[PDB]
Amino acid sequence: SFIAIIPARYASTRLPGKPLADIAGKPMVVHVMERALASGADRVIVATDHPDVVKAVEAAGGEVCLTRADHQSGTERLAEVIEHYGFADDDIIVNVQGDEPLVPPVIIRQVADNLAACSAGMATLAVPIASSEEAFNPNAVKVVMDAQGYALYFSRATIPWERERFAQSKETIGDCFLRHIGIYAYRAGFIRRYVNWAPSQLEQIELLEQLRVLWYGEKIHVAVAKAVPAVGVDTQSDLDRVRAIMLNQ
């Protein structure tokens, strides 16, 4: 059993009222909601900062939480939702981004199941990196895992460093690189404990909040995604791409 929480922030400079942008007859947030439901979530709750999103989700028959603070962080927004609904520490919560209307249901379920099976309080996913341009791009977050799937480290550096190979040429890469994708499952109790922790220096160097968890000695389980998720929606161009997939164009 698990719960899907979908953050749906209304404000965007390039896509105003982003969550309610029509994609093939439904607002973008409602697509993510149908996919969270298709994943087998016991509950699916949209967390939004805007009354029009509330109206749209309720009309599609969904649960929705109007958040009351301009939340400094996504984990803090999740903490508010968890306290609002009064979830137990042992409930598993999957954070499914409201701007990923083509999220594959299989991965929402995967990260929840992985969380339940593992010893960590948090789980996430990664996908293969095929090009050296991405491997060497610091915008792409690389991750390295141990044998049980727990993260050793996340970095904007090119890890794991292919020593022999990169001594000759950095134009090609082997099959060892993983890009972290930002879907997460947490125990509600992990979230309650996490929000008290002070920000770390490490995380401010890399600009990767995930490192806060590792700094404080906790684990993050990572697995290769069972479906490579389509890129989400920041630009009008992204929106058209998604609409095209939806209309088999």
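So that there is no doubt, residue numbering starts at 1 and follows the sequence shown.
- Between 168-176 and 102-110, the higher mean Cα B-factor belongs to 168-176.
- Relative to one another, 196-204 and 64-72 have unequal mean CA B-factors, and 64-72 is the one with the higher figure.
- Annotation for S131: C-alpha temperature factor in the highest third relative to the rest of the modelled chain, per the entry.
- Per the PDB record, residue ranking by Cα B-factor puts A117 in the middle third of the chain.
- Among all modelled residues in its chain, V57 ranks in the highest third by Cα B-factor.
- Split the chain's modelled residues into thirds by C-alpha temperature factor. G149 is in the lowest one.
- Placement of the Cα temperature factor of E209 within the chain: middle third of the modelled residues, per the deposited record.
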